[PDB]
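J.: So for the sequence shown, this note's numbering puts the first residue at 50; every next one is plus one.
Even for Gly, the Cβ is constructed at its ideal location relative to N, Cα and C.
The structure follows.
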Amino acid sequence: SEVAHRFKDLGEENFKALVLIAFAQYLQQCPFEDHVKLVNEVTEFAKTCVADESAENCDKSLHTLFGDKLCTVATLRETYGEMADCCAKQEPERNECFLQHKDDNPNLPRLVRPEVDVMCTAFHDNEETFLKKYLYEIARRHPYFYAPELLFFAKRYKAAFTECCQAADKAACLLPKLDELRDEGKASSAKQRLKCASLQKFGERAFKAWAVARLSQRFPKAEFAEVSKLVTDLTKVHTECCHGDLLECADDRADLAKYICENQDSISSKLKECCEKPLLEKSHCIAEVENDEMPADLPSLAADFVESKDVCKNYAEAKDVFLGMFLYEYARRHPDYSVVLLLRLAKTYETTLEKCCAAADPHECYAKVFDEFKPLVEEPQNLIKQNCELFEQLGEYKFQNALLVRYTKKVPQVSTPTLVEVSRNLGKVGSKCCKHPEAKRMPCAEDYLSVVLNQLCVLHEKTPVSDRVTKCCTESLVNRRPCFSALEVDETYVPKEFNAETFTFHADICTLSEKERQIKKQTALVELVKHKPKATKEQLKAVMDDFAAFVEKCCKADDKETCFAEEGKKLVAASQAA
């Protein structure tokens, strides 16, 4: 019994939360109360199997059990779309059909969260329903959220209410805690999304290399054998979560944390604090732990990998293993290389080996092999430095504006809502990474950009429109950032025609938060660039600063809707022909 073995490993609460997550992530348009019905129906069944594993439908597979459950309120086709396609299939076709339809940007109302007193009462009203709603609202907006990570966020959400709803000042306690959980979820969701796209679109081999490199940097004292066992385990975890096998994923991650803690002296010295936290927290803490110390006396890699007359011997007998060894040995020596660089380097090393091992004198042929890494190492360094300078000149907001511009010209066809967010997320790179010195700056900034750019990819994949985005995303996971960076302005793009209502704001803009108000304006910056591309300058930084003053004055004038239409019909001639 598969469902019974997971109930017992995971315990009832996590079992219930994870099933609710799965259902919320397969069926994003279905209402809360219906998902709760299905969950409890499964929980009941799962209990009967715990008592008797050989009972009726207990031999069933998790995908069968769950897919049978979705398909009871999924034939309602005019409510959630084409999920009645999926219900007409047998597993595992049905399951893969469900996963196909996951919506990276499901068109769902933003959550207008109630006042603190009202939230706090509903929390005391019914704690378990209140906490379920958190789970359900995150998961259906983030269909690829790292599920065991969501349980951890759920716990801290619970604790934020448990603490702050007793506070003398409820709101001054609660609100900073909720805003940190929100920002930290976005970041978590985006990071995980990159993981699932790697697996789905580039295979197990690419994710493992990603993990061989990242864990090598983080646990540099560990032997290759130990690192390898960790990669195999990590891969199985994320292969499960990225395929909706949530129960088995939460479970193998819990087994993995245990193993790592039990073998702390064979892995890293930074793990002490982590391994004595509660398990939900411990797993999160291991995944985010700082890189350990490099062993002192590590020798040149030129010996094992260039000098030796047996490089083509050792390569021949186990290619992936030999190349994995190269990646571990190189990645553990460079904490200051981003993960994607380290993968480029190993791409180069291999492709040099595929040639030279066939030539008459291999030794001579690959003696210069390390000499090719240099221009690869130098480019991401050059890019960061220049952008880290432009950031601190302009500051974070104005930084996004230059990037808005840069990217809107790069790929003008891209939908405005996508350019806004992705460029907004791009400028957040200076806040996170320019802070650092140039040894922590590249693992920080390049791997983050990886994650942001993959977001543009996954949102463009919905309704593809730019052939340039499409190509950069498809050709090679590892070179998404170099290739996006190489993109010049698009010449065969023809200006997007002046629209009076795209540039005229309304009084409703005054009641929105400052961070929603910038978005309406950076949205206007994008349309501005789309309607006036190959002929601008600082008439973008000029016109944009008029919008700020536009909205500033009109929002305080006691008008009869008057101001936003008066300075709205006149100033448009300062964005039409000025």
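Should the region 502-511 be called in touch with the region 452-471, which here means at least 3 C-beta pairs below 8 Å?
T.: The region 502-511, when compared against the region 452-471, does touch it at the 8 Å Cβ threshold.
J.: Helix, strand or coil: which one does DSSP assign to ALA408?
T.: The residue labelled residue 408 in the question sits at position 359 within the sequence shown. The answer is coil: DSSP assigns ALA408 none of H, G, I, E or B.
J.: Exposed or buried, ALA258, counting other C-beta atoms within 10 Å across all chains shown (16 or more means buried)?
T.: One-based indexing of the sequence shown puts residue 258 at position 209. By the 10 Å Cβ count, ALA258 comes out buried.
J.: Going by DSSP in three states, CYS135 sits in which element: helix, strand or coil?
T.: Here residue 135 is taken as the residue at index 86 of the sequence shown, counted from 1. Of the three classes helix, strand and coil, the one that applies to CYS135 here is helix, per DSSP.
J.: When burial is assigned at 16 or more other CB atoms within 10 Å of the CB, is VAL370 buried or exposed?
T.: To locate residue 370, count along the sequence shown from 1; it is residue 321. Exposed is the call here.
J.: Sorted by chain position, which residues of the same chain lie with C-beta nearer than 8 Å to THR465's C-beta, five sequence neighbours on each side aside?
T.: Walking along the sequence shown from the start, residue 465 turns up at place 416. Result list for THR465: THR572, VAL575, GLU576, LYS579, in chain order.
J.: Can you tell me the Cα-Cα spacing of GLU325 and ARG263, whole angstroms?
T.: Translated into the one-based positions of the sequence shown, residue 325 becomes position 276. Translated into the one-based positions of the sequence shown, residue 263 becomes position 214. One C-alpha to the other measures close to 23 Å.
J.: Let me know the secondary structure DSSP gives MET593 once reduced to three states.
T.: Residue 593 sits at position 544 when you count from the first residue of the sequence shown. In this structure, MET593 counts as helix in the three-state DSSP scheme.
J.: Could you check whether the region 149-157 touches the region 186-202, counting it as contact only if at least three pairs of C-beta atoms, one from each stretch, sit closer than 8 Å?
T.: Contact holds: three or more Cβ-Cβ distances are below 8 Å.
J.: Could you spell out the range, first to last residue, of the alpha helix (DSSP H) harbouring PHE448?
T.: Here residue 448 is taken as the residue at index 399 of the sequence shown, counted from 1. Per DSSP, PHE448 belongs to the alpha helix (DSSP H) from 422-459.
J.: Measuring CA to CA, which of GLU176, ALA217, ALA216 is closest to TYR206?
T.: What you label residue 206 is simply residue 157 of the sequence shown in a count that begins at 1. Looking at the Cα atoms, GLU176 is the closest of the given residues.
J.: Buried or exposed, going by whether 16 or more other CB atoms sit within 10 Å of the CB of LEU561?
T.: Taking the first residue of the sequence shown as 1, we reach residue 561 at position 512. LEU561 should be labelled exposed.
J.: Go through the region 180-244 residue by residue and report every complete run of the alpha helix (DSSP H) that reaches 4 residues or more, in order.
T.: You should have 196-213.
J.: Using 8 Å as the threshold, is the C-beta distance between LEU536 and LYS489 below it?
T.: Here residue 536 is taken as the residue at index 487 of the sequence shown, counted from 1. Here residue 489 is taken as the residue at index 440 of the sequence shown, counted from 1. Their beta carbons are not under 8 Å apart, which means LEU536 does not touch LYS489 by this criterion.
J.: Using the Cα positions of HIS173 and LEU296, report the straight-line distance between them to the nearest angstrom.
T.: As a first step, residue 173 is located in the sequence shown; it is residue number 124 there, counting from the start. As a first step, residue 296 is located in the sequence shown; it is residue number 247 there, counting from the start. Roughly 29 Å between the two C-alpha positions.
J.: For the alpha helix (DSSP H) containing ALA614, name the first residue and the last one.
T.: Along the sequence shown, read from residue 1 onward, the residue named residue 614 stands at position 565. Taken as a continuous stretch (DSSP letters only), the alpha helix (DSSP H) holding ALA614 covers 612-619.
J.: How many angstroms separate the CA atom of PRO80 from the CA atom of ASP516?
T.: Within the sequence shown, the letter at position 31 stands for residue 80. Within the sequence shown, the letter at position 467 stands for residue 516. Those two C-alpha atoms are separated by around 37 Å.
J.: How long is the line joining the alpha carbons of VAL68 and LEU439, rounded to whole angstroms?
T.: Taking the sequence shown and counting its residues from 1, the one referred to as residue 68 is at position 19. Taking the sequence shown and counting its residues from 1, the one referred to as residue 439 is at position 390. Cα to Cα, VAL68 sits roughly 46 Å from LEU439.
J.: As a quick exercise: from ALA53, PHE273, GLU587, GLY293, pick the residue whose alpha carbon is nearest that of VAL454.
T.: Numbered from its first residue, the sequence shown carries residue 454 at position 405. Of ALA53, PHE273, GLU587, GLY293, the residue nearest in Cα terms is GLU587.
J.: Compute the Euclidean distance between the alpha carbons of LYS404 and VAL286, then round it to the nearest angstrom.
T.: Position 355 of the sequence shown, counting from 1, holds the residue named residue 404. Position 237 of the sequence shown, counting from 1, holds the residue named residue 286. Those two C-alpha atoms are separated by around 35 Å.
J.: Considering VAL514, what are the terminal residues of the alpha helix (DSSP H) in which it resides?
T.: Here residue 514 corresponds to residue number 465 of the sequence shown, with the count starting at 1. Here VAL514 belongs to no alpha helix (DSSP H), and DSSP marks it neither H nor E.
J.: Could you give the first and the last residue of the continuous alpha helix (DSSP H) run that contains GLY116?
T.: Stepping through the sequence shown from its first residue, residue 116 is reached at position 67. Counting along the chain, the alpha helix (DSSP H) containing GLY116 begins and ends at 111-119.
J.: With distances taken from CA atoms, which of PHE115, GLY60, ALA71, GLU127 is nearest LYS96?
T.: Sequence index remark: in the sequence shown, residue 96 carries index 47 (1-based). Comparing Cα positions, the closest option is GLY60.
J.: Express the C-alpha separation of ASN340 and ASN528 in angstroms, rounding to a whole number.
T.: Start at 1 with the first residue of the sequence shown, and residue 528 comes out as number 479. Start at 1 with the first residue of the sequence shown, and residue 340 comes out as number 291. In a straight line, the C-alpha of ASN528 is about 25 Å away from that of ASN340.
J.: Which one of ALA584, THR551, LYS609, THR585 has the shortest CA to CA distance from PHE596?
T.: Position 547 of the sequence shown holds residue 596. For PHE596, the nearest C-alpha among the options comes from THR551.
J.: Evaluate the contact criterion for the region 356-367 versus the region 227-240: three or more CB pairs, one atom per stretch, below 8 Å.
T.: No, the region 356-367 is not in contact with the region 227-240.
J.: What three-state label does DSSP hand residue 644 in the structure shown?
T.: Absent from the model: residue 644. The displayed extent of the chain is 50 to 627, so no value can be given.
J.: Could you check the C-alpha separation between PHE147 and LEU320 for me, to the nearest Å?
T.: Here residue 147 corresponds to residue number 98 of the sequence shown, with the count starting at 1. Here residue 320 corresponds to residue number 271 of the sequence shown, with the count starting at 1. Taking the straight line from one Cα to the other gives about 38 Å.
J.: My understanding is that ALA395 touches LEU376, with C-beta atoms under 8 Å, so please give their C-beta distance in whole angstroms.
T.: The count along the sequence shown starts at 1 and reaches residue 395 at position 346. The count along the sequence shown starts at 1 and reaches residue 376 at position 327. Correct: roughly 5 Å between the Cβ atoms.
J.: Comparing C-alpha positions only, which one of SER525, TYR75, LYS65, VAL600 sits nearest to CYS291?
T.: In the sequence shown, the residue the question calls residue 291 occupies position 242. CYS291 has its Cα closest to that of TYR75, out of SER525, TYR75, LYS65, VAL600.
J.: For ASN63, which of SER110, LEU200, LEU160 has the nearest alpha-carbon?
T.: By 1-based counting over the sequence shown, the position of residue 63 is 14. It is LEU200.
J.: What residue does the alpha helix (DSSP H) around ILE309 start on, and which one ends it?
T.: Counted from its first residue, the sequence shown places residue 309 at position 260. Residues 295-311.
J.: Using the Cα positions of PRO327 and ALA260, report the straight-line distance between them to the nearest angstrom.
T.: Working through the sequence shown from its first residue, we reach residue 327 at position 278. Working through the sequence shown from its first residue, we reach residue 260 at position 211. Their backbone Cα atoms lie some 25 Å apart in a straight line.
J.: Buried or exposed: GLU616, going by 16 or more other Cβ atoms within 10 Å of its Cβ?
T.: Working through the sequence shown from its first residue, we reach residue 616 at position 567. The residue in question, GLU616, is buried, as its Cβ has 16 or more Cβ neighbours within 10 Å.
J.: Return the CA-CA distance between residue 682 and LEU508, expressed in angstroms with no decimal places.
T.: Since the first residue shown for the chain is 50 and the last is 627, residue 682 is missing from the structure and cannot be characterised.
J.: Quick one: is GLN442 buried, meaning 16 or more other Cβ sit within 10 Å of its Cβ, or exposed?
T.: Within the sequence shown, the letter at position 393 stands for residue 442. Counting Cβ neighbours within 10 Å, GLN442 comes out exposed, since fewer than 16 surround it.
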